[PDB]
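Colleague: quick one: experimental structure and sequence below.
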Amino acid sequence: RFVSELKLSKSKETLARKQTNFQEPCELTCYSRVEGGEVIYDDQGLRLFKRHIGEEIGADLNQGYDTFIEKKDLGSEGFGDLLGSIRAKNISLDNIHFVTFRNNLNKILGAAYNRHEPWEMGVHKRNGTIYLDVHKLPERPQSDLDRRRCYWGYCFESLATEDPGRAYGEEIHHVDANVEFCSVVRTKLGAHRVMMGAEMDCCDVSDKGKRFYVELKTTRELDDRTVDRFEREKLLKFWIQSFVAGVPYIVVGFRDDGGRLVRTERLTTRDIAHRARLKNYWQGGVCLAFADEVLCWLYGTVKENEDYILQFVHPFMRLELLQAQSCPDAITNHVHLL
């Protein structure tokens, strides 16, 4: 059942000196999951950023919690939508090395520094393309308080975006976490071409007419006991996620323990990595060099028509590739339709 491992052997100093090519990400298509659950291969669902979000300081992020519609775990069925959109737009996978939700790339890049948060994904090579399938590890069921905390983030996204149907002084209500927009993005890390689905929070448009995505995050306001993890861990995760999909801006809402919005930051993805490198908190290049080793190892080791699990678990000294017992139907069906 153990197939191969990759040891976190190289020092960061090794990797920090290493230059890794990364193709500027390019959107090829997109899709929207609308209320009720229908997926449409267009941008209906893409929200516009509210530039004056900074004027909403004091907002109660609890507003509308009692009419919130919580998100459904769809699994590899959700991956079927991404794959469907790729087929529909005539994006050729013939020489694409990896196809995945962005979530799995976040995990691979993050493993250069992450030594506490385990993960697993499915690995399924078909017709020369490795499909990475998100796996959720077993977790205790969420309490209402946990749900309320997650809702504060959804509430912030609604506050930070334009809604033409929202009347003057109208509160946020009937937020539905099942409505989402996904960008299907092309890139290449080192020698390996990648197609990914990236869930995008909203967009804005430049003075010169260019559309770009903005990521919207919510987190607890900082204190002496939490600031280190924010600088070293949270901001690294935010940078990874935006960088790999070519997202240039991240707007962060800071909330208190009651759910009131107390502060906002409008960050530039490039600037986050710049500050971190100067402070020697972390280096983006280390993540890219590490990820390049991972993808090389996978493409070198993963067999055509096989099913594996790739995991990163305690003690976080190696990635482990294990033999798996099945393949998601979303993937099988996609391959048949090709």
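Modeller: Ah, there it is. Residues are numbered from 1 along each chain as shown.
Colleague: next one: residue 257 relative to residue 220, how far apart?
Modeller: 7 Å (Cβ to Cβ, to the nearest Å). Where C-beta positions appear, they are placed from N, C-alpha and C, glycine not excepted.
Colleague: if you count surrounding residues, which of those two has more?
Modeller: residue 220 (15 against 8; other Cβ atoms under 10 Å).
Colleague: which residues does the more buried one bridge with?
Modeller: Judged by DSSP bridges, the bridge partners of residue 220 are residue 255.
Colleague: please report how far it lies from residue 229.
Modeller: As it turns out, when the distance is counted by Cβ to Cβ, residue 220 lies 10 Å from residue 229.
Colleague: first to last residue in stretch 65-72, what's the distance?
Modeller: Start and end residues of stretch 65-72 are separated by 17 Å (Cα to Cα, to the nearest Å).
Colleague: for the remainder of this discussion, apply numbering that starts at 24.
Modeller: Okay, using 24 as the starting number, the last item reads as stretch 88-95.
Colleague: next, the buried residues of that stretch.
Modeller: Of the residues in stretch 88-95, those buried under the neighbour-count criterion (16 or more other Cβ atoms under 10 Å) are 88, 91.
Colleague: starting at the chain centroid, how far to that stretch?
Modeller: Taking Cα atoms, centre = their mean, to the nearest Å, one finds stretch 88-95 lying 21 Å from the centre of the chain it belongs to.
Colleague: what residues does that stretch touch?
Modeller: Stretch 88-95 has contacts (Cβ atoms under 8 Å, 6 or more residues apart in numbering) with 170-171, 174, 177-178, 196-201.
Colleague: let's see it at 7 Å
Modeller: By Cβ atoms under 7 Å, 6 or more residues apart in numbering, the surrounding residues in contact with stretch 88-95 are 170-171, 174, 196-201.
Colleague: need the max-distance pair from the residues you listed.
Modeller: Considering Cβ to Cβ, no two members of the contacts of stretch 88-95 lie farther apart than 171 and 201, which are separated by 17.9 Å.
Colleague: neighbours of residue 133, how many?
Modeller: Using other Cβ under 10 Å, residue 133 has 20 other residues around it.
Colleague: before we move on, what about the one 10 residues further on?
Modeller: Taking other Cβ under 10 Å as the criterion, the count of residues near residue 143 is 19.
Colleague: with the one 3 residues further on instead?
Modeller: The number of residues packed near residue 146 is 24, by other Cβ under 10 Å.
Colleague: so what's it closest to, chain neighbours aside?
Modeller: Counting by Cβ to Cβ, 6 or more residues apart in numbering, residue 146 lies nearest to residue 331, which is 4.2 Å off, once chain neighbours are set aside.
Colleague: which element is the residue of the chain positioned farthest from its centre on?
Modeller: Centroid-distance maximum for the chain: residue 191 at 33.3 Å, with Cα atoms, centre = their mean. Taking DSSP states H and E as the criterion, residue 191 maps to no regular element, lying outside all helices and strands.
Colleague: who's in contact with it?
Modeller: With contacts defined as Cβ under 7 Å, 6+ apart, residue 191 has no neighbours.
Colleague: that one and residue 279, how far apart?
Modeller: For residue 191, the distance to residue 279 - Cβ to Cβ - is 27 Å.
Colleague: check residue 325 too.
Modeller: Summarising the geometry, the distance separating residue 325 from residue 279, computed by Cβ to Cβ, is 46 Å.
Colleague: also residue 332?
Modeller: Computed as Cβ to Cβ, the residue 332 to residue 279 distance reads 40 Å.
Colleague: packing partners for the strand or helix carrying residue 123?
Modeller: In this structure, residue 123 sits in strand 121-124 according to DSSP H and E. Judged by 3 or more Cβ pairs under 7 Å, 6 or more residues apart in numbering; DSSP states H and E, the packing partners of strand 121-124 are strand 152-157, strand 215-222.
Colleague: okay, buried residues for the last one please.
Modeller: Neighbour counts over strand 215-222 (16+ other Cβ under 10 Å) mark 215-221 as buried.
Colleague: could those be laid out in JSON lines, adding distance to residue 235?
Modeller: Formatted as JSON lines, the entries for the buried residues of strand 215-222 read as follows, by distance: Cβ to Cβ, whole Å:
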{"residue": "215", "distance to residue 235": "25"}
{"residue": "216", "distance to residue 235": "23"}
{"residue": "217", "distance to residue 235": "20"}
{"residue": "218", "distance to residue 235": "20"}
{"residue": "219", "distance to residue 235": "17"}
{"residue": "220", "distance to residue 235": "18"}
{"residue": "221", "distance to residue 235": "13"}
